[PDB]
Amino acid sequence: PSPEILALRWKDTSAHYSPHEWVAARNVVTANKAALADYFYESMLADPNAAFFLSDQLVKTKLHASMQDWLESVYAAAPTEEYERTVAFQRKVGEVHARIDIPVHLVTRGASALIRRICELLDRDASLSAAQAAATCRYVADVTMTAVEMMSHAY
Amino acid sequence: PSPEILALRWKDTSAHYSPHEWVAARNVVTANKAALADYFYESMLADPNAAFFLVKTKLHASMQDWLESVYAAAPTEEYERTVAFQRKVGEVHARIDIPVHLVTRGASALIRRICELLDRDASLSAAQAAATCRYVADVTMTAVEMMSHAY
Ligand code: HEM
Ligand code: HEM
């Protein structure tokens, strides 16, 4: 399924939501990416299965500073109309993960932790009505699980 | 990969939400057990990828039991029950080489149609409806991961 075909799936997903949701989310996620990357990394030390794959020094440069640009790839695609660029990024990361038999259930695990944590930021952000913080959190979960689905194409 | 460990995981995820969130969802899920199984199945036909793999009767009911299972776990505290079944379901899909990325496709689809129904439900304050939709998306994904075990 080429990135022309898989673009339209990202687009049609993002189109369930207003521009206000797209940007709202994007702003919160760039505002706190490095902090959201730390929280991710720590979450999968806590998991021993996942900790096996982290030799406690590989993140120093790679995993912390990379998880950042993932968060930008994902949350900008829609407000930029740059879908096939983003979708392409996801297959690379999916293929990287699959090459080293990183079990897919742990990715879905991580997708879920981020979603709970990004919504927690949306919640604690006082510059929004709870109606808005709600609708953004929805978008967040949808696009994460859209991305993860595509990351999962390499199995 | 013990169920006792897993069961515990189900408890914590759903502990993030109020009991009112658990029963509201269950209500709407079971109020539409048929229409939801019909939606999921017809959503597979649209795509060729899944349509590859499609007796419906067995399907139509076995989705209807999964739903009943997923939203029974928290309000009844039978986590082991609900887990053990997610474990089985995945191992079936597995041996058929049903690609993982699609179990997630229809998972996301059910979530979106479930919240639509929660938007429409005026027994609920919009606050609750959002809350409930969130529960629904989290717990589905939680099921999804457990299904995705040993793939
Ligand atoms: C939502 C979930 C996840 C996202 C968004 C994510 C993101 C990324 C990205 C962007 C890269 C860089 C790959 C590249 O472009 O070259 C990467 C690499 C990697 N990720 Fe993940 N990841 C996720 C889940 C996981 C999980 C659950 C583990 C658990 C073990 C993991 C372990 C790794 C490792 C080890 C590498 C580098 C491979 C190596 O050099 O040994 N990731 N990840
Ligand atoms: C969220 C996603 C899904 C859920 C919750 C789900 C649920 C179920 C359940 C509960 C069963 C009964 C398993 C058993 O008898 O023990 C089942 C069987 C089956 N599912 Fe799924 N399913 C999902 C996705 C898919 C997808 C994407 C396909 C794509 C083709 C698929 C095809 C089947 C087939 C063919 C069987 C029956 C196998 C057989 O009896 O020969 N399912 N599913």
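Scroll up a little and you will see the structure.
Residues numbered from 1 in each chain as written, not as in the entry; some residues may be left out. Chains lettered and ligands numbered in written order. Heavy atoms only, no water. Residues with missing side-chain atoms left out of burial classes, pairs and counts.

S.K.: Is there a simple way to think about the site of ligand 1 in this case?
M.R.: Residue and element names in this part refer to chain A. Not every one of the 17 residues close to ligand 1 is listed here, only the nearest: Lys-62, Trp-70, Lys-92, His-97 and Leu-106. Note that an oxygen atom of ligand 1 is positioned 3.5 Å from one of the side-chain N or O atoms of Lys-92. At 2.6 Å, a side-chain N or O of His-97 approaches a nitrogen atom of ligand 1. At the level of secondary structure, the elements contributing two or more residues to the shell around ligand 1 comprise helix 5 (59-80), helix 6 (83-99) and helix 7 (104-124). Grouping the amino acids of the shell around ligand 1 by side-chain chemistry returns 14 nonpolar, one polar and two charged. (Near = heavy atom within 4 Å. Polar contact = N/O pair within 3.5 Å; in protein donor to acceptor, adjacent residues only side chain to side chain. Helix = DSSP H or I, 4+ residues; strand = E, 2+ residues; numbered from the N terminus. Nonpolar A, V, L, I, M, F, W, Y, C, P; charged D, E, K, R; others polar.)

S.K.: Is there a simple way to think about the nonpolar core in this case?
M.R.: It is characteristic of soluble globular proteins that their nonpolar side chains tend to be buried jointly. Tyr-75 of chain A together with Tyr-71 of chain B are the most contacted members of the largest nonpolar core, which has 84 residues in total. Examining the composition of this core, we find that eleven residues originate from one element, helix 8 (residues 130-151) of chain A, more than from any other. Leave out the neighbours within four places in its chain, and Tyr-75 of chain A touches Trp-22, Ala-25, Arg-26, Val-29, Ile-118, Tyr-139, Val-140, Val-143 and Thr-144 of chain A. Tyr-41, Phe-53, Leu-54 and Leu-106 of chain A belong to the second largest nonpolar core, which has eight residues in total. (Core = buried A, V, L, I, M, F, W, Y, C linked by side-chain atoms within 4.5 Å. Buried < 20%, exposed > 50% of the residue type's maximum accessible area, 1.4 Å probe, protein only. Contact = heavy atoms within 4.5 Å.)

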